[PDB]
Amino acid sequence: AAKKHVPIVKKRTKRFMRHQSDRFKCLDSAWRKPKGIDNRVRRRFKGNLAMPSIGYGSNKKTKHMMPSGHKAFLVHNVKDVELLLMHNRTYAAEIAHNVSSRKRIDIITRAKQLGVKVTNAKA
RNA sequence: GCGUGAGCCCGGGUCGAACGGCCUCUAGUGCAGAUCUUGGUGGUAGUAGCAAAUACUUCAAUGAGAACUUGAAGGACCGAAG
Ligand SMILES: [Mg+2]
Ligand SMILES: [Mg+2]
Ligand SMILES: [Mg+2]
Ligand SMILES: [Mg+2]
Ligand SMILES: [Mg+2]
Ligand SMILES: [Mg+2]
Ligand SMILES: [Mg+2]
Ligand SMILES: [Mg+2]
Ligand SMILES: [Mg+2]
Ligand SMILES: [Mg+2]
Ligand SMILES: [Mg+2]
Ligand SMILES: [Mg+2]
Ligand SMILES: [Mg+2]
Ligand SMILES: [Mg+2]
Ligand SMILES: [Mg+2]
Ligand SMILES: [Mg+2]
Ligand SMILES: [Mg+2]
């Protein structure tokens, strides 16, 4: 179980999609700030896409925290997962994607010994 | 799943030989436009159309397949500045 923490509030779950990326396939959905002189999104017309702002920033107490209350730490081996020995209530280990199956099993066993949560343990 | 965001990480599939994090150093380093360059691909669309030069028809053979292959017969044109 994670450390006691204030409830996690996101202030927003949507992704801030790029303007007209829904209409043009040459445009990736990744956010781009519209620099056009006449742009309605830039000028903040009612009923349009919202632009990201620092006001959407998450609470400093719960930033980078997954819903279980843990912060993800990427591990590539057993020695990496052993760095979380003193942090099993604040940090959860995420096994790197390019780790072989046997090394994944070793990391999972060591994390079970240490009491460290693994976010992608099932395989 | 994380980040306000650019982005980052993971699960599954495909795949087959290299690759990444951190601190510095470096630059031919970030694209929707430029009637931009090269290449590829659409709707239009099975659409416009394939209509000058009189014209083809019967039987048989060949052949998987015959109006525009061939034989025979008929009907026609060029009509000696052909
Ligand atoms: Mg978000
Ligand atoms: Mg103006
Ligand atoms: Mg090879
Ligand atoms: Mg350049
Ligand atoms: Mg382009
Ligand atoms: Mg531009
Ligand atoms: Mg072109
Ligand atoms: Mg075309
Ligand atoms: Mg037609
Ligand atoms: Mg015509
Ligand atoms: Mg015709
Ligand atoms: Mg004719
Ligand atoms: Mg026959
Ligand atoms: Mg004919
Ligand atoms: Mg005549
Ligand atoms: Mg005559
Ligand atoms: Mg003469």
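Because only heavy atoms are used, hydrogens play no part in the values below, and waters and symmetry mates are left out as well, while side chains stay in. Chain letters run A, B, ... following the sequence lines, proteins first and then strands; every chain starts at 1.
Taking atom P on both nucleotides, B:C68 is separated from B:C59 by 14 Å, rounded to a whole Å. Straight-line distance between the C1' atoms of B:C25 and B:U4: roughly 32 Å, to the nearest whole Å. Using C1' as the reference atom, B:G63 and B:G40 are 43 Å apart when rounded to the nearest Å. Here the separation of B:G71 from B:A66, taken at their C1' atoms, is 15 Å to the nearest Å. Across B:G79 and B:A73, the matching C1' atoms stand 24 Å from one another, rounded to whole Å. Separation of the P atoms belonging to B:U37 and B:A45 is 29 Å when rounded to the nearest angstrom. Taking the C1' atoms as reference points, B:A55 lies 14 Å from B:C78, given to the whole Å. B:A72 sits 24 Å from B:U54 when the P atoms are compared, rounded to a whole Å.
For B:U38 and B:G39, a centre-to-centre distance below 5.5 angstrom and a plane angle below 30 degrees are both found for the six-membered base rings. In this strand, B:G79 does not stack on its neighbour B:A80 by the test of ring centres under 5.5 angstrom and planes under 30 degrees. Annotated as stacked: the bases of B:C56 and B:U57, by the 5.5 Å centre and 30° plane rule. Stacking check, B:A51 with B:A52: criteria not both met, so the pair falls outside the 5.5 Å centre and 30° angle limits.
Counting side-chain heavy-atom gaps under 4.5 Å among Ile, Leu, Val, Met, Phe, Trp and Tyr, the cluster of A:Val41 also holds A:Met17, A:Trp31, A:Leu49, A:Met51. When hydrophobic side chains of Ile, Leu, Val, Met, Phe, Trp and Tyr are connected at separations under 4.5 Å, A:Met66 ends up as a singleton with no cluster partners.
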Using a 3.5 Å cut-off and no angle test, enumerate the donor-acceptor pairs between side-chain atoms of residues 81-99 of chain A and protein atoms at least two apart in sequence or in another chain.
from: A:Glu82; atom 1: OE2; to: A:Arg110; atom 2: NE; distance (Å): 2.6
from: A:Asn88; atom 1: ND2; to: A:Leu114; atom 2: O; distance (Å): 3.4
from: A:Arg89; atom 1: NE; to: A:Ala1; atom 2: O; distance (Å): 3.2
from: A:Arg89; atom 1: NH2; to: A:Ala2; atom 2: O; distance (Å): 3.2
from: A:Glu94; atom 1: OE2; to: A:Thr119; atom 2: OG1; distance (Å): 2.8

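With its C1'-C2'-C3'-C4' torsion above zero, B:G40 shows a north sugar pucker. For B:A66, the sign convention on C1'-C2'-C3'-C4' gives a south pucker, since the angle is negative.
As rounded to whole Å, 17 Å separates atom P of B:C19 from atom NE2 of A:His76. At whole-Å resolution of the value, NZ in A:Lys117 and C1' in B:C10 are 12 Å apart.
A Watson-Crick or G-U wobble pair links B:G74 with B:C56, both defining distances under 3.5 Å. A Watson-Crick or G-U wobble pair links B:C2 with B:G7, each of its two atom distances being under 3.5 Å.
Crowding of A:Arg12 atom CZ: a count of heavy atoms from other residues, nucleotides or ligands under 6.0 Å exceeding 12. Annotation: A:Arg43, atom CZ; neighbour count of heavy atoms from other residues, nucleotides and ligands within 6.0 Å is above 12.
Remark: side-chain polar atoms of A:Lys117 are not paired, donor with acceptor, to backbone N or O of A:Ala111 under 3.5 angstrom. A donor-acceptor pair under 3.5 Å links the side-chain atoms of A:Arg42 to the main chain of A:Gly36, judged by distance alone.
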Quick test: give all pairs of protein nitrogen or oxygen and nucleotides 40-44 of chain B nitrogen or oxygen below 3.5 Å, distance rounded to 0.1 Å.
none

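In this structure, CG in A:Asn59 is found 8.0 Å from NZ in A:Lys11, a value given to the nearest 0.5 Å.
Sorted pairs that involve residues 63-79 of chain A and meet salt bridge (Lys or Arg N to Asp or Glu O under 4.0 Å), not counting sequence neighbours, are lacking altogether.
In this entry B:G12 has no Watson-Crick or G-U wobble partner, no candidate having both defining distances under 3.5 Å. Base pairing analysis places B:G21 opposite nothing; no Watson-Crick or G-U wobble pair with both distances below 3.5 Å involves it.
At the heavy-atom level, A:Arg23 lies nowhere under 4.0 Å from the strands shown.
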Contact string for nucleotides 2-9 of chain B, one letter per nucleotide 5' to 3', B = base within protein heavy-atom range under 4.0 Å, S = sugar-phosphate only, - = neither, reads SBBSSB-B
